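Here's the structure we're looking at; comments come further down.
Residue numbers (the deposited numbering), protein chains in the order written: chain e, 139 to 207; chain f, 208 to 223, 232 to 482; chain g, 277 to 413.
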């Protein structure tokens, strides 16, 4: 699964991917700026054909939080 | 293949008695400069011998140099040599020799005299540079505390190098180059907001084809990292998984052999 | 330094002197003291004006420089540039080289020896090869 982020303080910001890896019960990542963010998570599963990959509808956490500084 | 530092491109002169010499330095894809030395000798002495027993003035990598009470109507020669941290063979590169003599025909430029400024005070010792109508502090030495700030102040007032005997700390922003260091605690710190503390050989990165060592905290993934070895033979560790490419041996032969009695076999 | 100077020492007054020897190590033996030797300033004490010539301090708007007479010539040992606060310390050997210097413009402090500190907090313990013939470790 891949995880994106977007700074919610501004009215409109582009969603940015920050974590790419296997889905886990707990995910740890860093190296992100200070602004408050909204988080959407999507999963991608590879079809038997290498080229084709089935993604998921982005699920977004309703809560919005500041990065712990 | 070590590229020696490039010598100063050009030399100019300003006079007042006092003589000022400043050399422009430009460099690209070469050794970085760490110190500048100027050697001045009399032309007749230069003919007698080459830069031998020639008085020299050293500066902490400062372009401009000042000579006070230069001889009047006497020929002289100068050279400016850049200094780097490479081996002694190509450590230093010297610029082209430029002759010069104090002459009544040389225009007198006393502006440099006013453009600087120093003061000795019971409170402290302070150096200033005249910038327009104001003066900017260069270095300070307080009497009450042995604090010595070195360098022109930042717009926000952050001094480049700072000291504090009160806290017994030496505070330097930037880099420190030493032949060796002795200490009791190499406590790496995430000084900047997004820094990545680590110890490594210069020009080495984790998961790279270089032949260095890397050890530190990867703030991007928030996991410790490690790598010892070249591209093929290496000991690479990530918080999730450890990989050891090279052949591994555990224990030693006869590790648990009886000391009192040996072993043997027969048929 | 192997020598010291006392300015305006009282005359006709006895004094006692001890020279310490501080070294890194256990606090119990951190210091060692020289033998106690007293002194008096009096006409019976010969005057030696030789030591005045060797030392030299130069203070100017341009910079502050300390100089030592070797072979009837001033030799620069440390210079404090008034402009930009460029500072270099130590006698010059062979081609002019200062063992210790500080460069505010490049934010680099160069030392040609060892630095000793109880603790060091650095975000990059980069392990360089300066001389090129010594494998760093």
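Ideal Cβ placement from N, Cα and C applies to all residues, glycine included.
Is it the case that the CB of residue i approaches a heavy atom of the ligand FMN more closely than 7 Å?
| i | result |
| --- | --- |
| residue 187 (chain e) | As far as ligands go, the structure on display features none, and thus does not contain the ligand FMN. |
According to the neighbour-count rule (16 or more other Cβ atoms, all chains shown, within 10 Å of its Cβ), is residue i buried or exposed?
| i | result |
| --- | --- |
| residue 327 (chain f) | buried |
| residue 287 (chain f) | exposed |
| residue 413 (chain f) | buried |
| residue 355 (chain f) | buried |
| residue 199 (chain e) | exposed |
| residue 447 (chain f) | exposed |
| residue 268 (chain f) | exposed |
| residue 273 (chain f) | buried |
| residue 406 (chain f) | exposed |
| residue 331 (chain f) | buried |
| residue 285 (chain f) | buried |
| residue 323 (chain g) | exposed |
| residue 255 (chain f) | buried |
| residue 253 (chain f) | buried |
| residue 249 (chain f) | buried |
| residue 397 (chain f) | exposed |
| residue 298 (chain f) | buried |
| residue 203 (chain e) | exposed |
Which whole-angstrom value is the C-beta distance of residue i and residue j, which I expect to be below 8 Å?
| i | j | result |
| --- | --- | --- |
| residue 353 (chain g) | residue 343 (chain g) | 7 Å |
| residue 365 (chain f) | residue 378 (chain g) | 5 Å |
| residue 280 (chain f) | residue 242 (chain f) | Wrong, their Cβ atoms sit about 19 Å apart, outside the cutoff. |
| residue 196 (chain e) | residue 184 (chain e) | That belief does not hold up - the Cβ atoms of residue 196 (chain e) and residue 184 (chain e) are roughly 18 Å apart, past 8 Å. |
| residue 428 (chain f) | residue 443 (chain f) | 5 Å |
| residue 321 (chain f) | residue 222 (chain f) | 6 Å |
| residue 391 (chain g) | residue 393 (chain f) | 5 Å |
| residue 335 (chain f) | residue 335 (chain g) | 7 Å |
Grab me the residues of residue i's own chain with a C-beta within less than 7 Å of its C-beta, minus the 5 sequence neighbours each way, in chain order.
| i | result |
| --- | --- |
| residue 411 (chain f) | 431, 432, 433 and 434 |
| residue 294 (chain g) | 309, 310 and 312 |
| residue 145 (chain e) | 151, 173, 174 and 175 |
| residue 357 (chain f) | 339 |
| residue 305 (chain f) | 209 and 211 |
| residue 302 (chain f) | 209 |
| residue 380 (chain g) | 360 and 361 |
| residue 383 (chain f) | none |
Identify the contact partners of residue i in chain f, using a Cβ-Cβ distance below 8 Å as the criterion.
| i | result |
| --- | --- |
| residue 203 (chain e) | What residue 203 (chain e) touches in chain f: nothing, since even the nearest Cβ is about 17 Å away. |
| residue 331 (chain g) | Going along chain f, no residue has its Cβ under 8 Å from residue 331 (chain g), so there is no contact; the nearest lies around 17 Å. |
| residue 336 (chain g) | 281, 283 and 333 |
| residue 377 (chain g) | 249, 250, 275 and 276 |
| residue 368 (chain g) | 252, 271 and 273 |
Using a cut-off of 9 Å between C-beta atoms, extract the partners of residue i located in chain f.
| i | result |
| --- | --- |
| residue 169 (chain e) | 409, 411, 433, 434, 435, 436 and 437 |
| residue 394 (chain g) | 383, 398, 399 and 400 |
| residue 348 (chain g) | Within 9 Å Cβ-Cβ: nothing; residue 348 (chain g) doesn't reach chain f, min ~11 Å. |
Which chain g residues are close to residue i, counting only those with a beta carbon under 7 Å from its beta carbon?
| i | result |
| --- | --- |
| residue 451 (chain f) | Within chain g, no residue comes near residue 451 (chain f); the closest Cβ sits about 18 Å away, beyond 7 Å. |
| residue 416 (chain f) | 403 and 412 |
Using C-beta distances below 6 Å, list every residue in its chain close to residue i, excluding the 5 sequence neighbours before and after it, in chain order.
| i | result |
| --- | --- |
| residue 290 (chain f) | 258 and 316 |
| residue 426 (chain f) | 445 |
| residue 139 (chain e) | 161 and 181 |
| residue 367 (chain g) | 353 |
| residue 416 (chain f) | 427 and 428 |
| residue 403 (chain g) | 412 |
| residue 240 (chain f) | 215 |
| residue 388 (chain g) | 375 |
| residue 385 (chain g) | 378 |
Short of 8 Å in beta carbon distance, which residues of its chain neighbour residue i, apart from the five on each side in sequence? Order them along the chain.
| i | result |
| --- | --- |
| residue 455 (chain f) | 438 |
| residue 318 (chain f) | 288 |
| residue 472 (chain f) | 478 |
| residue 237 (chain f) | 218, 219, 221, 278, 279 and 280 |
| residue 350 (chain f) | 332, 343 and 344 |
| residue 260 (chain f) | 268 and 269 |
Note down, in chain order, every chain g residue with its Cβ under 9 Å from the Cβ of residue i.
| i | result |
| --- | --- |
| residue 302 (chain f) | 406, 407, 408 and 409 |
| residue 328 (chain f) | 337 and 338 |
| residue 344 (chain f) | 358, 359 and 360 |
Just the chain f side, please: which residues come within less than 7 Å of residue i by C-beta, in chain order?
| i | result |
| --- | --- |
| residue 373 (chain g) | 250 and 298 |
| residue 418 (chain g) | Summary: the structure shown does not reach residue 418 (chain g), with chain g confined to residues 277 through 413, and so no result is reported for it. |
Using a Cβ cut-off of 8 Å, pull out every chain g residue sitting near residue i, in sequence order please.
| i | result |
| --- | --- |
| residue 389 (chain f) | 382, 383, 384 and 385 |
At a Cβ threshold of 8 Å, is residue i touching chain C?
| i | result |
| --- | --- |
| residue 360 (chain g) | You won't find chain C in this structure, because its protein chains are e, f and g. |
Quiz item: Any residues in the region 269–296 of chain f with a beta carbon nearer than 8 Å to a beta carbon of chain g? Which ones, in chain order?
Solution: 270, 271, 272, 273, 274, 275, 276, 277, 279, 281, 283 and 296
Quiz item: Which residues, in chain order, does the region 208–220 of chain f contribute to contact with chain g at a C-beta distance below 7 Å?
Solution: 209
Practice problem: Give the residues from the region 351–366 of chain f that approach chain g closer than 7 Å (Cβ to any Cβ), ordered along the chain. | Solution: 353, 354, 365 and 366
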